[PDB]
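>>> 3D model of this:
(chains A, B, C, D, E, F, G and H, ligands or ions: 1)
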Amino acid sequence: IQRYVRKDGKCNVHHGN
Amino acid sequence: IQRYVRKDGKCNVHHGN
Amino acid sequence: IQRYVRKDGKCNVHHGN
Amino acid sequence: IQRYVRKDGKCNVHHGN
Amino acid sequence: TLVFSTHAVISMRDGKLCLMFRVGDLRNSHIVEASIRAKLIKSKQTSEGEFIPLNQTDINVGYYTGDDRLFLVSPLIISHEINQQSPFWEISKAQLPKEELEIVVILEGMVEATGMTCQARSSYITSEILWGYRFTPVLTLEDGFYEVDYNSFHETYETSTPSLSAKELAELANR
Amino acid sequence: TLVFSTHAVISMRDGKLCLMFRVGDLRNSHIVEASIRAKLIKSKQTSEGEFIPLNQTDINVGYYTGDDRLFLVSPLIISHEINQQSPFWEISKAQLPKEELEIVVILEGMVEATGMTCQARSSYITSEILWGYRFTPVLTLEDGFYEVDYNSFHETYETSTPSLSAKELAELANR
Amino acid sequence: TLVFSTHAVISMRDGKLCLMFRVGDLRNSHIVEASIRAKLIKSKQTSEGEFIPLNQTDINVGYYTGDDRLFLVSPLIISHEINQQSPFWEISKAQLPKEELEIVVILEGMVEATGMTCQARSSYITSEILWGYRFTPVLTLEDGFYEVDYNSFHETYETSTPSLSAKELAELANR
Amino acid sequence: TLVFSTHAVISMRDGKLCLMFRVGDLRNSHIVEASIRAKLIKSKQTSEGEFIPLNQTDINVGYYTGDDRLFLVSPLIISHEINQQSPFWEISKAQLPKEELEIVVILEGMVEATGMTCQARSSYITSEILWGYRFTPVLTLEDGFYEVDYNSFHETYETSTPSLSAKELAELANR
Ligand SMILES: [Mg+2]
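Numbers count the residues shown, from 1 in each chain, chains lettered A, B, ... in the order given. The protein structure is shown below:
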């Protein structure tokens, strides 16, 4: 299982623009 | 009957300091 | 039927002043 | 009994860093 | 020119009796996190002997339903439904004028353009609440066009309205 | 490129009928105190005779459960459950298109990087609500990797959905 | 000179027993989105064996009714009604002083003139709660004039008050 | 050095089963309008066929009672009571580890000294929730002195705790 949110507080990423 | 608050928005006064 | 609000976010207008 | 909070508003202290 | 209803109205809306008033928007901006709230100012002595002069009590305007968080882009008619838990539950047309009370109305929100927060307060004295009236509409839906007439912003007409107390109206309804 | 669902969908989610729509995040920041709310704009005349044009009414999106306070870090699918207290309770597939109404959706929050507060408004007209559809997922859980495809942000597919009014569906359920 | 009640009072208000305290305004401004809240600080060991020292618990002051959102323009007397769900439900006059507890009171709002936000905290220890007293009024309604006497802001007099626990008072009431 | 609990604990508190975690304060300031909230992240497929990956659902932490509005001046132990409406209602000790879920915890408030607003996010994976433990106290009440030991901020000990699902525990209780 991989996190959605990390202990420190940062999330897990996207790809757009 | 006298207002507590006036239509415009200002209240009715105190005496301190 | 005409919108009240537009997708982007702007409303539909008035006439005053 | 000692307060957790003082009338003025300040709390009661810790030790860290 | 200003944007906050002068008088308040009371009449029927789908059977239930309601206290109504209009609330104006801002020309130069949209208000975020806008919230309408209303207090009831009125002195009352507790049977207990203590006399509270100008005790205040909150007035349902959609707190529970969340309908007190306004989407203000056009004049809105805030409508208080007069129920068991309304301070007017027992007040009737003929009873109204002889009440020593006042309604304060408070509008809070953060302005967008100005990046500041506003609070527009206002009130209504017993002799400023109109029983048996409704607000003139101020939003016509022209051919592919919605428009307001702030000339009719305060304009109010008279409608057939029973002169009974909200409580009484609900008592007859049972029979 | 933008971040707010274009169309809205209605279909089943664990038996109950639901009105759904997606809501986009911000690339360059996290939003604090973010809150999603939704109003229902639609004219209606009170049996009482008063005609309110574009009366607004709040739409359950988690106010009571607190589930309207969003943790937005990835596109979310706001889901309104259509219950007795839903303005769509009595509306069925064939009934939908012929409704003279509109749904406004409002997103408020304080941006972190910018230290400013935002409000992103949007709407859906009767002819923009899609009955019997669900949103294409946009979050794949690759090997030790979560990723979004904003190319599928608006993409929607068709699913088997009964053409009955929420009320009717619950009436058959009793039998 | 300051604006926050020193002692707290407990007495009757329309039959029900209530914990009361005054809260001061600001001379140089109005407070928007003002909210009064109050916590109960007191250590307690769970029958379960875990001892929580200075566990905190919220205290009803109008959250549900919305009456905790203050319209502060004049000193107000916040009144907690002591009900089943009050931490004082089982506390009586003679029981009071021997309680190892404390009440924290917190006032939050955004100042208008200053465009800043405030938080005024304060407390009351068991030996600072006065049983059987009421606050001296500080708002006289002179001839076409409302006025406060901040000289009587803290002034409190003694009133006839039964020395029973809120719970007990309600038990006798049944008989 | 930081201020937010690492692991979470589950054990008994006055009969009821509870999910607990600590939350740290700020040395250099007080937080106004501080609010703790917690979401439950976990994929689930609707019996309806739609598979929602990382659907989120709110977690009771005092929203209804208002006990989610924190008075943070000292480390606090947020305690979720596991009830019918808890997503852990049916989860038991042996059931815990094999759950593909995650708990996000979010703390919002406006700092006083800095005049800015904060949001401290954090999480707990199934393998980071400790069943049958309680937090070591970190607040000793010395002779006329209250003090915290942030050296024990994360320290947790083991306590006797039944390995049954919250639901089951309540089912035996009936018998
Ligand atoms: Mg705010």
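
>>> ok, and what's touching stretch E:9-17?
E:18-21, E:79, E:81-83, E:88, E:96, E:129-135, E:156, E:159, E:161-162, E:166, E:169, F:46-48, F:50 (C-beta atoms under 8 Å, 6 or more residues apart in numbering or on different chains). C-beta coordinates here come from the backbone N, C-alpha and C atoms, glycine included.

>>> residue E:108 against residue G:34, yeah?
No: counting by C-beta atoms under 8 Å, residue E:108 stays clear of residue G:34, with 9.7 Å between them.

>>> how about residue 9, secondary structure?
As the question left the chain open, I've gone with chain A. Of the three states, residue A:9 takes coil under DSSP: H, G, I helix; E, B strand; the rest coil.

>>> was after chain E, sorry
strand.

>>> any idea how far it lies from residue F:130?
40 Å (C-beta to C-beta, to the nearest Å).

>>> neighbour count winner among the two?
residue E:9 (24 against 18; other C-beta atoms under 10 Å in any protein chain shown).

>>> apart from its chain neighbours, what residue comes closest to the more buried one?
Spatial nearest neighbour of residue E:9, excluding adjacent residues (C-beta to C-beta, 6 or more residues apart in numbering or on different chains): residue E:133 at 4.3 Å.

>>> and whatever residue of chain E ends up closest to chain D, how close does it get to residue H:89?
Using C-beta to the nearest C-beta, the single residue of chain E nearest to chain D is residue E:117, 24.1 Å away. To residue H:89, residue E:117 is 41 Å away according to C-beta to C-beta.

>>> how about residue E:172?
Taking C-beta to C-beta, one finds residue E:172 at 47 Å from residue H:89.

>>> and for residue E:149?
56 Å.

>>> also residue E:114?
48 Å.

>>> between these two, which is the more surrounded one?
residue H:89 (15 against 11).

>>> ok, the more buried one touching residue H:164?
No: judged on C-beta under 8 Å, residue H:89 makes no contact with residue H:164 at a distance of 11.7 Å.

>>> let me see the contact set for residue 2.
Because you didn't say which chain, this covers chain A. A:12, F:141, F:144-146.

>>> the chain in question should be chain E.
By C-beta under 8 Å, 6+ apart, the neighbours of residue E:2 are residue E:24.

>>> cool, and residue E:30?
E:72-73, E:112, F:119, F:121.

>>> what about chain C: which of those residues touch it?
With C-beta under 8 Å from any C-beta of the partner chain as the criterion, those include E:73, F:121 near chain C.

>>> out of the contacts of residue E:30, who's the most crowded?
Counting neighbours by other C-beta under 10 Å, residue F:121 leads these with 22 neighbours.

>>> quick check: bridge partners of that one?
residue F:106 (DSSP bridges).

>>> returning to that earlier point: show me the contacts of stretch E:9-17 that map onto strands.
E:18-21, E:79, E:81, E:129-131, E:133-135, E:156 (DSSP state E).

>>> out of the residues you listed, who's nearest chain C?
Using C-beta to the nearest C-beta, the ones in strands among the contacts of stretch E:9-17 come closest to chain C at residue E:135, 16.5 Å.

>>> pull the number of nearby residues for residue 10.
Defaulting to chain A. 12.

>>> switch to chain E, please.
23.

>>> which residues touch the residue nearest to the spatial centre of chain A?
In chain A, the centroid-proximal residue (C-alpha atoms, centre = their mean) is residue A:12; its distance is 1.5 Å. Contacts for residue A:12 (C-beta under 8 Å, 6+ apart) come out as A:2-6, F:145-146.

>>> re the thing from before, list only those of the contacts of stretch E:9-17 flagged as buried.
Those of those that meet the buried threshold are E:18-21, E:79, E:81-82, E:88, E:96, E:129-131, E:133-135, E:156, E:161, E:166, E:169, F:46, F:48, F:50, by 16 or more other C-beta atoms under 10 Å in any protein chain shown.

>>> all set, thanks.
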